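Written below as structure tokens is the structure these notes are about.
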Amino acid sequence: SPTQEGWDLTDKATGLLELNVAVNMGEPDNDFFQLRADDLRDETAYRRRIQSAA
Amino acid sequence: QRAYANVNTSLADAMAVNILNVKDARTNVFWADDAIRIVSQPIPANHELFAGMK
């Protein structure tokens with residue numbers, strides 16, 4: 001708020017002002033990979049990749 | 001090593017190589033059975049990586 005001095009104060013009334021801040025989002029973050037079905041005979045690398053992605 | 005010898009003598013400095021495909025003839029094949037092996041493998045497309053496909 002403003003503060004004002006004196007007795008008269010005539011024609012010197014102020015208004016109200018409240019400011020704002022905006023919160024937004026970003027883009028999604030991804031781990032994205034492709035595997036052929038022959039690569040899933042042993043799936044250990046696939047699981048370890050999931051853990052690395054986390 | 002000599003226990004595995006299958007030939008009387010090695011290849012000399014220059015002995016003629018005899019070609020045995022001199023005419024285009026349809027082949028007759030003979031073997032001792034199980035000389036040919038068929039190696040088969042599965043395709044793990046039933047893995048969770050493949051979800052839209054049955």
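In the text below, chain A, chain B and the rest are named by the order of the sequence lines, each starting its count at 1. Quick note: numbers below take in every heavy atom, side chains included, and nothing from hydrogens, waters or symmetry partners.
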For residues 26-44 of chain B against chain A, heavy atoms under 4.5 Å, the residues are B/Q41, B/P42, B/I43, B/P44
Pair count under 4.5 Å, heavy atoms only, with chain B: among A/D39, A/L35, A/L40, highest is A/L40
Taking every heavy atom of B/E48 against every heavy atom of A/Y46, the minimum-distance pair comes out as OE2-OH, 2.6 Å
dist A/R36:CZ -> B/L49:CG (nearest 0.5 Å) comes out at 13.0 Å
